[PDB]
Structures are given as structure tokens and as C-alpha cells.
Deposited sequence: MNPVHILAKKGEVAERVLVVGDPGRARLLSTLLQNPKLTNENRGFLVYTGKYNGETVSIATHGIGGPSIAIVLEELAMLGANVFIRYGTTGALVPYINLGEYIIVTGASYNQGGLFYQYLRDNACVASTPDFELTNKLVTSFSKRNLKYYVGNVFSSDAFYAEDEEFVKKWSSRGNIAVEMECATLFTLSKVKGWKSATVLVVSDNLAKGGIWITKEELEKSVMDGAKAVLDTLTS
């Protein structure tokens, strides 16, 4: 690995991955005896314990290309179970800010990364691990958190998401938009990793405002449910 310079043995088999380095640092305060095992290229990785289990929290940056590199290197250091915890923009009006979306599949446009890894443009089913996803639903229900289960569209161009865009994807059965799930699910299917994803709704493209104190609380509550699942 040339991006994540963590020593083997410093990365856990169970990893909670987030796009924002700031979130990784904030969430590391939920672990027992957290240690920073990497900061190279801004990809902060922390390792500690939770519920009698060793767990790491890693930063993946923005986009498929970035998360693909991070996952490949974490896997080379020992990781094989990944739960992405990010933020997303809702594509339907009934979902409120601060609520959660447990992902069951990812839509995506063919090309680049997918062509290079798959060798052709076939539409491979981009889905998370069945069991791990059901465990997430169980954990979020236990903590009485408001969630929705559905597919999301993994976009590669944040600034090309206009109004035509929103009705198009919502009409295709997607309830939110983000940028890394399709890459995570497909690469995991190919590499044999167990992955899942939970997202915090930070905006609604179909429809409200969220402070930041209510948002930080949302992030924190969801993180605890994710860690519960990872260490089950």
C-alpha cells in the first residue's frame, strides 16, 4: 500500500468507513483507547475497541476512484468487513433531514472504474451483503431510530444533479443520491468482502433545514448503531 501507510496488524478486520476525515476523528471518540494508525494523504484511520471487538474507522474521500483505492489497501492490511456510514441527498419528499437510509442496492452509470475492473459494460448487481444489511436494520430498530430501506444512485458528478435528474432517478426506484455505494458493493462482490451502508440525510432534493447540533446528534446516534452491528 502506498496511500494508507498503516502497519499490518494496525488495521482491524471490521472497518467503519466514512468519506469525511473530520467525521472519522469525531467518531473515534466512541472507541476505547483509539490510536491514529494513518494520516497519509489525509486518509485518517483510527483503531480501537468496541463491545469487546477490535474495530477501525477509516476515511475514504469523495468518489468511486478514491474509495476503491482505500478499500483495496485496507483489505491488503487485513480488512474484510466494511460498513460505509455517509451523508446523502434524499430523492423523495417524505424523508426528513437527520433520518437514515439503509441501502439495499446502488444504481450507477457504466464506464470508467467499472469497465476497468469488470472488463466490459455488463450491469453487475451492485448490492450489499444480505445478512449484514439485515443486522443493521435490527440495530437501528433497537435504538428507535427513524430509517428507510431502499436503493440509491451513486453519482460521479455532484454538480450535474438538476431537477430533471431528481425525477428521473426517483422514478427508477432510488430514494437518495450519494457517490460511493456502487463502487463499494461491486468491488466487494468481486473481492469477496462483506459490505453494507447506512446514510444520514443531510438534504432533500425533492423538498426544510437542519441546524448542525441536531445533525451532529443524528450522526452520533447512527454511528453507535453501526458500531453495534460491526461488533455483533
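Going by C-alpha coordinates, which parts of the deposited sequence are missing from this model?
Comparing the full sequence with the modelled residues, the uncovered ranges come out as 1-2, 210-211.
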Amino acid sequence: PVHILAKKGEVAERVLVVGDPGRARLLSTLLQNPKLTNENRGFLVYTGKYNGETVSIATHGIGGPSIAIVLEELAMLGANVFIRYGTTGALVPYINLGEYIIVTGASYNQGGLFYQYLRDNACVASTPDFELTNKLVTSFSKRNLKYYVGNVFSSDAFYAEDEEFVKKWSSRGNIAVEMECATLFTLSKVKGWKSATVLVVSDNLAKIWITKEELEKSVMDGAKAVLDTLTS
From here on, numbers count along this sequence of modelled residues.
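If you superpose the two forms and keep the largest set of C-alpha atoms that fall within 1.5 Å, you have the rigid core.
Comparing against the shown form in 8 other deposited structures of this protein, which stretch has the larger RMS C-alpha deviation after a rigid core superposition, 158-166 or 133-141?
Farther on average in 8 other deposited structures of this protein: 158-166.
Looking at the other compared entries that model residues on both sides of it, is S218 unmodelled in at least a third of them?
Result for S218: never missing in the compared entries.
Would you say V11 is missing from a third or more of the other compared entries?
No; none of the other entries leave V11 out.
With reference to the PDB entry, specify whether the mean Cα temperature factor is higher for 173-181 or for 38-46.
Of 38-46 and 173-181, the stretch with the higher C-alpha B-factor average is 38-46.
If you take the mean CA temperature factor per stretch, which one wins between 13-21 and 214-222?
According to the PDB entry, the answer is 214-222.
Hey, out of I101, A160, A125, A90, whose CA B-factor is highest in the deposited coordinates?
Among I101, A160, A125, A90, the PDB entry lists the largest C-alpha B-factor for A160.
According to the PDB entry, is the CA B factor of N33 in the bottom, middle or top third of its chain, that is, lowest, middle or highest?
It belongs to the middle third of the chain when residues are ordered by C-alpha B-factor.
Please place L74 in the lowest, middle or highest third of its chain according to the CA B-factor in the PDB entry.
Tercile = lowest for this residue's CA B-factor.
Please rank the C-alpha B-factors of the chain's modelled residues and tell me whether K207 sits in the lowest, middle or highest third.
According to the entry, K207 has a C-alpha B-factor in the chain's highest third.
Going by the recorded CA B-factors, say which third of the chain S154 sits in, lowest, middle or highest.
Lowest third, going by the recorded CA B-factors of the chain.
Sorting the chain's modelled residues by C-alpha B-factor, tell me whether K167 ends up in the lowest, middle or highest third.
CA B-factor rank for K167: highest third.
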